[PDB]
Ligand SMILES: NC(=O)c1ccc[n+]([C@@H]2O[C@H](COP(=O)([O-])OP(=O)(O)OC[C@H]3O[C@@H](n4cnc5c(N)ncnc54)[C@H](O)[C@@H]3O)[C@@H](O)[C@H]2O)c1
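Take a look at this single chain, the form solved without the ligand, given in structure tokens.
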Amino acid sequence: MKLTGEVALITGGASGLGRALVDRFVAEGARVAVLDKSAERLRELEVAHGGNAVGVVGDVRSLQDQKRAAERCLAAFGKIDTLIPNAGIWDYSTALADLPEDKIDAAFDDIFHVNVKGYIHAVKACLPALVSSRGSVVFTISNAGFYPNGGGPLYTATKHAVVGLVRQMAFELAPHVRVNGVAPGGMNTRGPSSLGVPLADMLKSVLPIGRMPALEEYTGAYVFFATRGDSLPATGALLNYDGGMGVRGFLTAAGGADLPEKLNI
């Protein structure tokens, strides 16, 4: 297995991509501490991976809860090799014009506290452990960190902010801790309480690869960055992992639909 003996801490790991990552990492022989809000989903995850996962109930916006998570990971598993700050909330792609005046302030805080501050706090909480292990941080970004229309101004700003975290923390924590970003997109899939695309169009206009991958197919990039001995030269790296959103064509996403007949293959 790719990650035998490795210890990772994954925030927002009780569901979504984060849970797919927990499952993958454990299958790869890793031990995994998860910080998330749902006590029930966390206990379910602990039992699913008996002895290879530990769940910490808490608020990713709270430095104290991030520190509780780091501490619990160290208590259960003895070290932290790879930190994966991953918890994020969306903004329904709500356009600036559609953000009501009486909710915009609250919404700003909700989404930024989770998507950016929670990442800052995760890294802050885990810094002693990561320096000790000469480990690494793998941020979950998004296509919204690079291109428009993957979210409203709030979500897009937060994910661009994370690209800034990749760069500044790769600098600040060098030479001791490496810091990289995976920017998934085109996956299967919740926004703040203050706020409230067809597959055909998705395959034709958005995704050159011509299909929406299952969540599990997005876990491999994180295994790569977490693998002992495969990512040593990488810091400040940004891996767009979104089906080709940034390289899509003007009239169609892909240019090569006819190749198989074109090449008589």
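We call the rigid core the largest set of C-alpha positions that still match within 1.5 Å between the two forms. So that there is no doubt, residue numbering starts at 1 and follows the sequence shown. Shifts are known only where both forms have a C-alpha.
There is another form of this protein, the form deposited with the ligand bound, and it is not shown here; the text below is about that form.
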Here the chain appears without its partner; judged in the entry with it bound, the stretch of 152-160, 101-109, 172-180, 70-78 with heavy atoms within 4.5 Å of the ligand is 152-160
I'd like to know if residue 15 sits close to the ligand in the entry with it bound, meaning any non-hydrogen atom pair within 4.5 angstroms. yes
In the entry with it bound, residue 199 touching the ligand (heavy atom, 4.5 Å): yes
Quick one: is residue 86 in contact with the ligand in the entry with it bound, heavy atoms, 4.5 Å cut-off? yes
Would you classify residue 142 as touching the ligand in the entry with it bound, given a 4.5 Å non-hydrogen atom cut-off? yes
Have a look at 123, 195, 114, 165 for me and say which one sits with a heavy atom within 4.5 Å of the ligand in the entry with it bound. 114
In sequence order, the residues of 183-202 that place a heavy atom within 4.5 Å of the ligand in the entry with it bound are 184, 186, 187, 189, 190, 199
Superposing on the core, which single option in 202, 63, 238, 234 has a CA shift of 2 Å or more between this form and the one not shown? 202
One pair moves by 3 angstroms or more in the entry with it bound: the C-alpha atoms of residue 203 and residue 155, which are closer
Segments shifting between this form and the one not shown (at least 3 consecutive residues, Cα moved 2 Å or more after rigid core fit) are at 197-205
